[PDB]
>>> print(open('run.cif').read())   # mmCIF, C-alpha atoms
data_my_file
#
loop_
_atom_site.group_PDB
_atom_site.id
_atom_site.type_symbol
_atom_site.label_atom_id
_atom_site.label_comp_id
_atom_site.auth_asym_id
_atom_site.auth_seq_id
_atom_site.Cartn_x
_atom_site.Cartn_y
_atom_site.Cartn_z
ATOM 1 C CA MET A 1 46.194 -7.673 14.119
ATOM 2 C CA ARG A 2 44.194 -6.661 11.043
ATOM 3 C CA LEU A 3 40.825 -5.112 11.885
ATOM 4 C CA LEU A 4 39.608 -6.459 8.538
ATOM 5 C CA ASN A 5 39.383 -9.911 10.121
ATOM 6 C CA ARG A 6 37.985 -9.110 13.595
ATOM 7 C CA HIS A 7 34.593 -10.798 13.323
ATOM 8 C CA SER A 8 34.012 -14.310 11.998
ATOM 9 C CA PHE A 9 30.715 -15.412 10.457
ATOM 10 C CA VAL A 10 29.333 -18.309 8.412
ATOM 11 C CA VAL A 11 28.277 -17.685 4.820
ATOM 12 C CA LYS A 12 25.807 -19.858 2.894
ATOM 13 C CA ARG A 13 26.628 -19.818 -0.827
ATOM 14 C CA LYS A 14 24.399 -21.487 -3.424
ATOM 15 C CA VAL A 15 27.404 -23.302 -4.880
ATOM 16 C CA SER A 16 25.331 -25.454 -7.249
ATOM 17 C CA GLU A 17 24.159 -22.548 -9.372
ATOM 18 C CA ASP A 18 21.039 -24.068 -10.924
ATOM 19 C CA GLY A 19 18.155 -21.774 -9.931
ATOM 20 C CA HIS A 20 15.677 -22.986 -12.541
ATOM 21 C CA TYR A 21 11.954 -22.390 -12.998
ATOM 22 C CA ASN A 22 9.975 -25.603 -12.627
ATOM 23 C CA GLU A 23 7.451 -26.789 -15.208
ATOM 24 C CA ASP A 24 4.609 -25.450 -13.064
ATOM 25 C CA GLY A 25 6.048 -21.931 -13.083
ATOM 26 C CA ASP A 26 7.390 -21.367 -9.572
ATOM 27 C CA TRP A 27 11.033 -20.711 -8.634
ATOM 28 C CA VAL A 28 13.235 -23.586 -7.460
ATOM 29 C CA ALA A 29 16.362 -22.288 -5.745
ATOM 30 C CA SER A 30 19.671 -24.136 -5.689
ATOM 31 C CA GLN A 31 19.318 -27.442 -3.863
ATOM 32 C CA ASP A 32 22.941 -27.490 -2.632
ATOM 33 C CA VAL A 33 23.902 -24.817 -0.090
ATOM 34 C CA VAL A 34 27.235 -24.941 1.739
ATOM 35 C CA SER A 35 28.209 -23.099 4.924
ATOM 36 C CA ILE A 36 31.878 -22.171 5.289
ATOM 37 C CA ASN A 37 33.274 -19.752 7.878
ATOM 38 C CA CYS A 38 34.681 -16.449 6.602
ATOM 39 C CA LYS A 39 36.237 -13.397 8.259
ATOM 40 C CA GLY A 40 35.376 -9.721 8.023
ATOM 41 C CA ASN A 41 34.393 -6.545 9.829
ATOM 42 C CA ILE A 42 30.678 -5.940 10.429
ATOM 43 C CA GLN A 43 29.744 -2.360 11.282
ATOM 44 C CA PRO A 44 26.427 -0.477 11.344
ATOM 45 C CA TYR A 45 25.681 1.423 8.136
ATOM 46 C CA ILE A 46 25.014 5.076 8.985
ATOM 47 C CA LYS A 47 23.733 6.891 5.899
ATOM 48 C CA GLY A 48 20.506 8.900 5.841
ATOM 49 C CA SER A 49 17.475 6.762 5.011
ATOM 50 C CA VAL A 50 19.151 3.448 5.912
ATOM 51 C CA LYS A 51 17.831 2.349 9.307
ATOM 52 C CA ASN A 52 19.904 0.298 11.746
ATOM 53 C CA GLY A 53 18.187 -1.763 14.420
ATOM 54 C CA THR A 54 14.967 0.195 13.957
ATOM 55 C CA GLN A 55 11.596 -1.179 15.025
ATOM 56 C CA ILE A 56 8.859 -0.201 12.564
ATOM 57 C CA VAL A 57 5.429 0.209 14.159
ATOM 58 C CA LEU A 58 3.062 -1.156 11.512
ATOM 59 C CA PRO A 59 -0.692 -1.518 12.147
ATOM 60 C CA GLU A 60 -0.005 -5.260 12.086
ATOM 61 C CA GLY A 61 2.726 -5.474 14.742
ATOM 62 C CA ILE A 62 6.284 -4.350 15.337
ATOM 63 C CA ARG A 63 8.804 -5.393 12.703
ATOM 64 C CA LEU A 64 12.554 -4.991 13.155
ATOM 65 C CA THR A 65 15.052 -4.339 10.369
ATOM 66 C CA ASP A 66 18.711 -3.393 10.197
ATOM 67 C CA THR A 67 21.479 -2.756 7.662
ATOM 68 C CA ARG A 68 25.162 -3.420 8.336
ATOM 69 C CA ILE A 69 28.198 -2.732 6.166
ATOM 70 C CA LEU A 70 30.733 -5.537 5.774
ATOM 71 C CA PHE A 71 34.425 -5.023 5.043
ATOM 72 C CA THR A 72 36.072 -8.264 3.952
ATOM 73 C CA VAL A 73 38.536 -9.737 1.475
ATOM 74 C CA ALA A 74 36.236 -12.611 0.480
ATOM 75 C CA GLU A 75 34.484 -12.373 -2.901
ATOM 76 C CA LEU A 76 30.879 -12.695 -1.699
ATOM 77 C CA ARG A 77 28.446 -12.465 -4.662
ATOM 78 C CA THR A 78 25.003 -10.921 -5.062
ATOM 79 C CA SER A 79 21.943 -12.066 -7.004
ATOM 80 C CA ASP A 80 22.729 -11.469 -10.676
ATOM 81 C CA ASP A 81 20.414 -12.107 -13.626
ATOM 82 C CA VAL A 82 23.146 -12.647 -16.240
ATOM 83 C CA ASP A 83 25.450 -15.260 -14.645
ATOM 84 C CA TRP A 84 22.514 -16.845 -12.766
ATOM 85 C CA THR A 85 24.133 -16.104 -9.416
ATOM 86 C CA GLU A 86 21.929 -16.208 -6.312
ATOM 87 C CA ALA A 87 23.466 -13.889 -3.692
ATOM 88 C CA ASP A 88 25.104 -14.862 -0.389
ATOM 89 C CA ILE A 89 23.670 -15.198 3.118
ATOM 90 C CA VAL A 90 25.665 -13.818 6.055
ATOM 91 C CA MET A 91 24.757 -14.790 9.625
ATOM 92 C CA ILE A 92 24.889 -12.639 12.751
ATOM 93 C CA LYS A 93 23.379 -13.956 15.989
ATOM 94 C CA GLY A 94 21.571 -16.673 14.043
ATOM 95 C CA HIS A 95 19.477 -14.326 11.901
ATOM 96 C CA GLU A 96 20.074 -14.683 8.163
ATOM 97 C CA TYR A 97 21.276 -11.688 6.140
ATOM 98 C CA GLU A 98 21.402 -10.872 2.435
ATOM 99 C CA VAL A 99 24.195 -9.220 0.450
ATOM 100 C CA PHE A 100 22.430 -6.427 -1.443
ATOM 101 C CA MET A 101 24.706 -3.957 -3.276
ATOM 102 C CA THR A 102 28.459 -4.461 -3.691
ATOM 103 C CA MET A 103 31.627 -2.386 -3.985
ATOM 104 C CA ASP A 104 34.643 -3.972 -5.659
ATOM 105 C CA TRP A 105 38.057 -2.692 -4.554
ATOM 106 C CA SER A 106 39.691 -5.996 -5.446
ATOM 107 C CA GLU A 107 42.814 -5.027 -7.411
ATOM 108 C CA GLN A 108 43.399 -1.369 -6.513
ATOM 109 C CA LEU A 109 46.138 -1.465 -3.865
ATOM 110 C CA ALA A 110 48.578 -4.137 -2.659
ATOM 111 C CA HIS A 111 47.894 -4.778 1.048
ATOM 112 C CA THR A 112 44.549 -2.960 1.289
ATOM 113 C CA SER A 113 42.402 -4.339 -1.552
ATOM 114 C CA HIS A 114 39.067 -5.431 -0.120
ATOM 115 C CA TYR A 115 35.379 -5.824 -0.890
ATOM 116 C CA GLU A 116 32.675 -3.762 0.813
ATOM 117 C CA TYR A 117 29.256 -5.374 1.174
ATOM 118 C CA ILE A 118 25.885 -4.107 2.349
ATOM 119 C CA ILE A 119 24.172 -6.837 4.342
ATOM 120 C CA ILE A 120 20.457 -6.626 5.131
ATOM 121 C CA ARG A 121 18.516 -8.741 7.608
ATOM 122 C CA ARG A 122 15.958 -10.992 5.945
ATOM 123 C CA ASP A 123 12.353 -10.410 6.968
ATOM 124 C CA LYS A 124 10.285 -13.086 8.683
ATOM 125 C CA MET A 125 8.154 -15.021 6.195
ATOM 126 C CA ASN A 126 6.320 -18.330 6.062
ATOM 127 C CA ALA A 127 8.348 -20.860 4.080
ATOM 128 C CA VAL A 128 6.826 -22.987 1.306
ATOM 129 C CA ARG A 129 8.775 -25.351 -0.934
ATOM 130 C CA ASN A 130 8.493 -25.776 -4.701
ATOM 131 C CA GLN B 2 -12.473 -25.994 -5.427
ATOM 132 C CA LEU B 3 -10.824 -22.735 -6.515
ATOM 133 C CA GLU B 4 -7.194 -22.002 -5.613
ATOM 134 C CA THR B 5 -5.512 -18.941 -7.128
ATOM 135 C CA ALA B 6 -2.118 -20.652 -6.918
ATOM 136 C CA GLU B 7 -3.378 -23.622 -8.938
ATOM 137 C CA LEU B 8 -5.046 -21.309 -11.462
ATOM 138 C CA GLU B 9 -1.781 -19.466 -12.093
ATOM 139 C CA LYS B 10 0.036 -22.794 -12.434
ATOM 140 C CA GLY B 11 -2.552 -23.962 -14.955
ATOM 141 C CA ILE B 12 -2.295 -20.788 -17.020
ATOM 142 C CA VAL B 13 1.506 -20.987 -17.185
ATOM 143 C CA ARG B 14 1.409 -24.486 -18.672
ATOM 144 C CA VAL B 15 -1.120 -23.277 -21.253
ATOM 145 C CA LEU B 16 0.924 -20.225 -22.250
ATOM 146 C CA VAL B 17 4.012 -22.404 -22.714
ATOM 147 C CA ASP B 18 2.199 -24.556 -25.267
ATOM 148 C CA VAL B 19 0.145 -21.770 -26.858
ATOM 149 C CA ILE B 20 2.695 -18.954 -27.069
ATOM 150 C CA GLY B 21 6.088 -20.604 -26.684
ATOM 151 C CA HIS B 22 7.536 -20.369 -30.176
ATOM 152 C CA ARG B 23 8.191 -16.660 -29.644
ATOM 153 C CA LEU B 24 9.743 -16.508 -26.151
ATOM 154 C CA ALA B 25 13.241 -17.369 -24.930
ATOM 155 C CA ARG B 26 14.537 -20.701 -23.672
ATOM 156 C CA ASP B 27 16.408 -21.405 -20.449
ATOM 157 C CA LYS B 28 19.062 -24.058 -19.780
ATOM 158 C CA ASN B 29 16.373 -26.776 -20.033
ATOM 159 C CA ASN B 30 15.016 -25.308 -23.284
ATOM 160 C CA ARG B 31 11.794 -24.318 -21.494
ATOM 161 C CA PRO B 32 9.934 -21.206 -22.725
ATOM 162 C CA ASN B 33 10.292 -18.471 -20.117
ATOM 163 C CA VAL B 34 6.828 -18.234 -18.545
ATOM 164 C CA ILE B 35 7.038 -17.421 -14.839
ATOM 165 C CA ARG B 36 4.680 -16.560 -12.011
ATOM 166 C CA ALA B 37 4.827 -12.989 -10.761
ATOM 167 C CA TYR B 38 6.954 -12.128 -7.722
ATOM 168 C CA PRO B 39 8.988 -15.361 -7.864
ATOM 169 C CA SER B 40 10.127 -16.715 -4.514
ATOM 170 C CA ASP B 41 11.241 -20.092 -3.196
ATOM 171 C CA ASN B 42 11.222 -21.257 0.433
ATOM 172 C CA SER B 43 11.377 -18.375 2.916
ATOM 173 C CA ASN B 44 12.962 -15.359 1.202
ATOM 174 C CA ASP B 45 14.832 -17.045 -1.663
ATOM 175 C CA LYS B 46 14.024 -14.609 -4.475
ATOM 176 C CA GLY B 47 13.916 -15.363 -8.194
ATOM 177 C CA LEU B 48 16.083 -13.932 -10.936
ATOM 178 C CA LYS B 49 14.643 -12.040 -13.877
ATOM 179 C CA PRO B 50 14.539 -14.509 -16.797
ATOM 180 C CA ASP B 51 15.796 -13.900 -20.332
ATOM 181 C CA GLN B 52 14.098 -11.450 -22.702
ATOM 182 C CA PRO B 53 10.819 -12.164 -24.405
ATOM 183 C CA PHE B 54 9.477 -13.689 -21.189
ATOM 184 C CA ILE B 55 5.922 -13.805 -19.847
ATOM 185 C CA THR B 56 4.814 -12.988 -16.298
ATOM 186 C CA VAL B 57 1.496 -14.295 -14.947
ATOM 187 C CA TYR B 58 -0.139 -12.508 -12.011
ATOM 188 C CA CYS B 59 -3.603 -13.120 -10.540
ATOM 189 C CA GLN B 60 -4.657 -9.607 -9.590
ATOM 190 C CA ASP B 61 -7.566 -10.491 -7.287
ATOM 191 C CA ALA B 62 -10.741 -12.588 -7.068
ATOM 192 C CA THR B 63 -14.121 -10.840 -7.040
ATOM 193 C CA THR B 64 -17.616 -12.329 -6.702
ATOM 194 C CA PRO B 65 -20.016 -9.991 -8.531
ATOM 195 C CA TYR B 66 -22.277 -12.961 -9.271
ATOM 196 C CA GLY B 67 -23.992 -13.166 -5.890
ATOM 197 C CA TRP B 68 -22.955 -14.695 -2.580
ATOM 198 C CA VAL B 69 -23.956 -18.279 -3.426
ATOM 199 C CA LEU B 70 -24.724 -19.611 -6.898
ATOM 200 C CA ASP B 71 -26.462 -22.737 -5.571
ATOM 201 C CA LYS B 72 -26.473 -25.162 -2.637
ATOM 202 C CA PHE B 73 -26.785 -28.890 -3.326
ATOM 203 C CA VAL B 74 -26.429 -31.947 -1.104
ATOM 204 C CA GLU B 75 -23.775 -34.547 -1.919
ATOM 205 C CA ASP B 76 -23.710 -38.060 -0.394
ATOM 206 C CA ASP B 77 -23.948 -36.883 3.215
ATOM 207 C CA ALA B 78 -22.551 -33.343 3.090
ATOM 208 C CA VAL B 79 -24.004 -29.950 2.200
ATOM 209 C CA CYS B 80 -21.932 -28.428 -0.615
ATOM 210 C CA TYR B 81 -21.920 -24.719 -1.448
ATOM 211 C CA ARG B 82 -21.045 -23.543 -4.960
ATOM 212 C CA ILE B 83 -19.821 -19.947 -5.214
ATOM 213 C CA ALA B 84 -19.098 -18.237 -8.533
ATOM 214 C CA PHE B 85 -15.834 -16.300 -8.809
ATOM 215 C CA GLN B 86 -14.304 -14.010 -11.424
ATOM 216 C CA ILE B 87 -10.498 -13.902 -11.430
ATOM 217 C CA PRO B 88 -8.677 -11.142 -13.355
ATOM 218 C CA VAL B 89 -5.310 -12.587 -14.414
ATOM 219 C CA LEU B 90 -2.664 -10.146 -15.664
ATOM 220 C CA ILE B 91 -0.446 -11.564 -18.405
ATOM 221 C CA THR B 92 2.442 -9.252 -19.318
ATOM 222 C CA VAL B 93 5.133 -9.842 -21.940
ATOM 223 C CA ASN B 94 8.514 -8.187 -21.383
ATOM 224 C CA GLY B 95 11.273 -7.676 -23.929
ATOM 225 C CA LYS B 96 11.889 -6.217 -27.379
ATOM 226 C CA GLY B 97 8.879 -6.687 -29.634
ATOM 227 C CA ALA B 98 6.605 -7.403 -26.683
ATOM 228 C CA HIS B 99 3.579 -5.839 -28.385
ATOM 229 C CA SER B 100 3.826 -8.150 -31.396
ATOM 230 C CA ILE B 101 4.088 -11.177 -29.099
ATOM 231 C CA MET B 102 1.154 -10.030 -26.971
ATOM 232 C CA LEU B 103 -1.035 -9.453 -30.037
ATOM 233 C CA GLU B 104 -0.468 -13.022 -31.223
ATOM 234 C CA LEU B 105 -1.639 -14.391 -27.872
ATOM 235 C CA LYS B 106 -4.851 -12.352 -27.998
ATOM 236 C CA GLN B 107 -5.685 -13.629 -31.482
ATOM 237 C CA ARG B 108 -4.825 -17.085 -30.142
ATOM 238 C CA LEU B 109 -6.840 -16.904 -26.899
ATOM 239 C CA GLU B 110 -10.057 -16.725 -28.949
ATOM 240 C CA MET B 111 -9.523 -19.942 -30.918
ATOM 241 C CA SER B 112 -11.863 -22.679 -29.720
ATOM 242 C CA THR B 113 -9.045 -25.231 -29.496
ATOM 243 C CA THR B 114 -6.993 -23.009 -27.184
ATOM 244 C CA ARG B 115 -9.922 -22.192 -24.899
ATOM 245 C CA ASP B 116 -10.825 -25.883 -24.716
ATOM 246 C CA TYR B 117 -7.240 -26.604 -23.660
ATOM 247 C CA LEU B 118 -7.438 -23.789 -21.104
ATOM 248 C CA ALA B 119 -10.761 -25.155 -19.820
ATOM 249 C CA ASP B 120 -8.845 -28.317 -18.920
ATOM 250 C CA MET B 121 -6.120 -28.305 -16.223
ATOM 251 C CA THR B 122 -7.565 -25.039 -14.874
ATOM 252 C CA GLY B 123 -11.330 -25.514 -14.710
ATOM 253 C CA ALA B 124 -12.067 -21.895 -15.710
ATOM 254 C CA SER B 125 -13.184 -20.275 -18.962
ATOM 255 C CA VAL B 126 -12.142 -16.948 -20.462
ATOM 256 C CA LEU B 127 -14.664 -14.152 -20.005
ATOM 257 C CA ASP B 128 -12.973 -11.344 -21.947
ATOM 258 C CA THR B 129 -9.576 -9.893 -22.808
ATOM 259 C CA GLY B 130 -8.672 -6.273 -22.102
ATOM 260 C CA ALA B 131 -6.614 -3.855 -24.170
ATOM 261 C CA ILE B 132 -2.878 -4.129 -24.802
ATOM 262 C CA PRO B 133 -0.971 -0.933 -23.954
ATOM 263 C CA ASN B 134 2.442 -0.623 -25.603
ATOM 264 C CA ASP B 135 4.399 0.362 -22.479
ATOM 265 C CA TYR B 136 7.980 1.647 -22.475
ATOM 266 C CA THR B 137 9.706 1.831 -19.089
ATOM 267 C CA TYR B 138 13.171 3.189 -18.311
ATOM 268 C CA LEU B 139 15.148 0.700 -16.251
ATOM 269 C CA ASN B 140 18.682 2.095 -16.024
ATOM 270 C CA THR B 141 20.022 2.809 -19.532
ATOM 271 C CA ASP B 142 17.471 1.776 -22.178
ATOM 272 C CA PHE B 143 13.713 1.284 -22.375
ATOM 273 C CA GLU B 144 12.127 -2.120 -21.751
ATOM 274 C CA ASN B 145 8.991 -2.917 -23.733
ATOM 275 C CA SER B 146 6.108 -4.443 -21.784
ATOM 276 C CA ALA B 147 2.622 -5.321 -23.038
ATOM 277 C CA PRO B 148 0.332 -6.098 -20.094
ATOM 278 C CA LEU B 149 -3.012 -7.756 -20.738
ATOM 279 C CA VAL B 150 -5.825 -8.476 -18.288
ATOM 280 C CA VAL B 151 -7.461 -11.830 -19.013
ATOM 281 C CA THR B 152 -10.617 -12.281 -16.924
ATOM 282 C CA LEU B 153 -11.504 -15.842 -15.925
ATOM 283 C CA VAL B 154 -14.700 -17.192 -14.372
ATOM 284 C CA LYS B 155 -14.790 -20.360 -12.288
ATOM 285 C CA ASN B 156 -17.125 -22.141 -9.879
ATOM 286 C CA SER B 157 -15.776 -23.287 -6.512
ATOM 287 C CA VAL B 158 -17.509 -26.082 -4.597
ATOM 288 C CA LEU B 159 -16.811 -26.465 -0.879
ATOM 289 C CA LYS B 160 -18.291 -29.050 1.478
ATOM 290 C CA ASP B 161 -19.570 -28.109 4.931
ATOM 291 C CA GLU B 162 -18.503 -30.990 7.176
ATOM 292 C CA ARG B 163 -21.206 -29.927 9.659
ATOM 293 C CA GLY B 164 -24.283 -30.459 7.491
ATOM 294 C CA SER B 165 -26.305 -33.243 9.134
ATOM 295 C CA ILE B 166 -29.142 -33.375 6.573
ATOM 296 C CA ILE B 167 -32.801 -34.124 7.374
ATOM 297 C CA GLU B 168 -34.010 -37.712 7.208
ATOM 298 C CA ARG B 169 -37.095 -37.778 9.483
ATOM 299 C CA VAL B 170 -39.958 -35.358 10.143
ATOM 300 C CA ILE B 171 -42.334 -35.498 13.122
ATOM 301 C CA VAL B 172 -45.440 -33.322 12.788
ATOM 302 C CA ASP B 173 -47.941 -32.666 15.587
ATOM 303 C CA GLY B 174 -51.107 -30.907 14.473
ATOM 304 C CA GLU B 175 -54.432 -29.990 16.031
ATOM 305 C CA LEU B 176 -57.789 -29.075 14.488
ATOM 306 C CA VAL B 177 -60.143 -26.651 16.231
ATOM 307 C CA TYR B 178 -63.431 -24.860 15.535
ATOM 308 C CA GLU B 179 -62.367 -21.355 16.605
ATOM 309 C CA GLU B 180 -59.125 -19.615 17.504
ATOM 310 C CA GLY B 181 -58.551 -21.016 20.980
ATOM 311 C CA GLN B 182 -60.374 -24.120 22.219
ATOM 312 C CA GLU B 183 -57.677 -25.360 24.645
ATOM 313 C CA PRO B 184 -58.973 -28.924 24.126
ATOM 314 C CA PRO B 185 -58.384 -29.470 20.398
ATOM 315 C CA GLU B 186 -61.234 -31.074 18.478
ATOM 316 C CA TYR B 187 -58.871 -33.491 16.726
ATOM 317 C CA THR B 188 -55.146 -34.145 17.029
ATOM 318 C CA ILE B 189 -52.741 -35.088 14.235
ATOM 319 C CA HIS B 190 -49.420 -36.844 14.835
ATOM 320 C CA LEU B 191 -47.227 -37.612 11.820
ATOM 321 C CA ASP B 192 -43.894 -39.432 11.557
ATOM 322 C CA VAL B 193 -42.251 -39.755 8.149
ATOM 323 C CA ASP B 194 -38.894 -41.459 7.664
ATOM 324 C CA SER B 195 -36.521 -42.008 4.765
ATOM 325 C CA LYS B 196 -36.739 -45.797 5.205
#
>>> encode(input="run.cif", output="structure tokens")
Amino acid sequence: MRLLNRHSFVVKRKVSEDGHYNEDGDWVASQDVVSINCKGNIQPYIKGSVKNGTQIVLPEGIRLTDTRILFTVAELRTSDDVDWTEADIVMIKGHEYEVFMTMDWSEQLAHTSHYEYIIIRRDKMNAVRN
Amino acid sequence: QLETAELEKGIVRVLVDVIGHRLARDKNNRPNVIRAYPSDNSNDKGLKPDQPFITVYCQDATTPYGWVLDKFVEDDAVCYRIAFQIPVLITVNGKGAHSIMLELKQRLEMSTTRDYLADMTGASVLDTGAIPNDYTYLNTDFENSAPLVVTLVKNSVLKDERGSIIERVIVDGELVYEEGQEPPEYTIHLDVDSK
């Protein structure tokens, strides 16, 4: 019973890596997004500044943010400006997450090679298309 | 009407045609002119484009020209015209950014370019600031950036859907001999219509 596959989530990958800038000037993300279940371990990230499940009392309201670490064997990507990659979205309890920062232990050992990801909850924002 | 989003869109199309022969091309062979802080629906961010690319950013929108420039009456609606002044920040990033930025300045003064910019935006250039040759340290090397603050002026016309203009006047007047005289000496009743 590997702990590396305890939790099971759904990842949205922008498979059709297009991500072009329209003639007007705005950003048009990939039109084709697929959602396939993966497996991994999601744990709170405890390191100094990083805040987990912390409500921030702004003079505009109360915003909530969190940062979890993700141990998994899947090769989730992150937004890259050279290969025109556009990150991966993890889901916990419905809320969308983003894979900022990556550690790549892919080849090192035999039965223990794994990726470590830092997933961050996406802030609430009004959505406009382009 | 004035919309900052539309103004930035209009500028980007102009910069593509005006200064495009010196920037980079994407997979659709489109010169890399982007709007600042790119973002699609919700939180879908935008990747940093290739080198020599141009970023357009409308800094703010001030009105130092008075609250209302004029108030006219359209068909059946009162229309206010306010005068705005929009500082747009055009910045070129990449190696040899200063040379690229200098060409645009010497090209933003040509009458043909400004006439093109006057169309599809509706604004006219007021002045162009100075170009600082900026070197910033990203992670390993220094990225050249040449910001420039182009100041635009535009008139925005908005209609007040609660105008209800005057079309009839009813005047009641009295003539007296001294201040008082509860019974007026002569009474005037007027009724003027637009028909």
>>> atom_distance(input="run.cif", atom1="atom CA of residue B:66", atom2="atom CA of residue B:116")
23.2 Å
>>> atom_distance(input="run.cif", atom1="atom CA of residue A:67", atom2="atom CA of residue A:84")
24.8 Å
>>> closest_residue(input="run.cif", among="A:24, A:104, A:88, A:98", to="chain B", atoms="all atoms listed in the file")
A:24
>>> residues_around(input="run.cif", residues="stretch 26-38 of chain A", least_positions_apart="2", cutoff="7 Å", atoms="all atoms listed in the file", output="ChimeraX atom specification")
/A:8-22,24,40,130 /B:35-36,39-41,45,47
>>> closest_residue(input="run.cif", among="B:44, B:54, B:179, B:154", to="residue A:86", atoms="all atoms listed in the file")
B:44
>>> closest_residue(input="run.cif", among="A:81, A:108, A:46, A:100", to="chain B", atoms="all atoms listed in the file")
A:81
>>> residues_around(input="run.cif", residues="residue A:112", least_positions_apart="2", cutoff="12 Å", atoms="only C-alpha atoms", output="NGL selection string")
:A and (2-4 or 71-73 or 105-110 or 114-116)
>>> axis_aligned_box(input="run.cif", around="stretch 55-74 of chain A", padding_each_side="5 Å", output="lines of an AutoDock Vina configuration file")
center_x = 18.9
center_y = -6.2
center_z = 7.9
size_x = 49.2
size_y = 22.8
size_z = 24.9
>>> residues_near_point(input="run.cif", point="(30.2, -9.1, -1.0)", cutoff="7 Å", atoms="all atoms listed in the file", output="CSV table (one decimal) with C-alpha atoms, in the coordinates of the input")
chain,number,residue,atom,x,y,z
A,75,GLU,CA,34.5,-12.4,-2.9
A,76,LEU,CA,30.9,-12.7,-1.7
A,77,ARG,CA,28.4,-12.5,-4.7
A,78,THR,CA,25.0,-10.9,-5.1
A,99,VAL,CA,24.2,-9.2,0.4
A,102,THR,CA,28.5,-4.5,-3.7
A,115,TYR,CA,35.4,-5.8,-0.9
A,116,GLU,CA,32.7,-3.8,0.8
A,117,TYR,CA,29.3,-5.4,1.2
>>> interface_residues(input="run.cif", of="chain B", to="chain A", cutoff="12 Å", atoms="all atoms listed in the file", output="VMD selection string")
chain B and resid 6 to 18 26 to 52 55 to 58 121
>>> resolve_selection(input="run.cif", expression="the PyMOL selection byres ((chain B and resi 83) around 10)", output="number ranges by chain")
B: 2-3, 64, 66-72, 80-82, 84-85, 155-159
>>> atom_distance(input="run.cif", atom1="atom CA of residue A:118", atom2="atom CA of residue A:50")
10.7 Å
>>> residues_around(input="run.cif", residues="residue A:7", least_positions_apart="4", cutoff="8 Å", atoms="only C-alpha atoms", output="list in words")
residues 39, 40, 41 and 42 of chain A
>>> residues_around(input="run.cif", residues="residue B:152", least_positions_apart="3", cutoff="12 Å", atoms="all atoms listed in the file", output="list in words")
residues 8, 12, 58, 59, 60, 61, 62, 63, 85, 86, 87, 88, 89, 90, 91, 109, 124, 125, 126, 127, 128, 129, 130, 131, 149 and 155 of chain B
>>> residues_around(input="run.cif", residues="residue A:44", least_positions_apart="6", cutoff="7 Å", atoms="all atoms listed in the file", output="ChimeraX atom specification")
/A:52,67-69
>>> resolve_selection(input="run.cif", expression="the PyMOL selection byres ((chain B and resi 132) around 12)", output="PyMOL selection string")
chain B and resi 90-93+98-107+129-131+133-135+145-151
>>> residues_near_point(input="run.cif", point="(-57.0, -30.4, 15.9)", cutoff="9 Å", atoms="all atoms listed in the file", output="ChimeraX atom specification")
/B:174-178,184-189
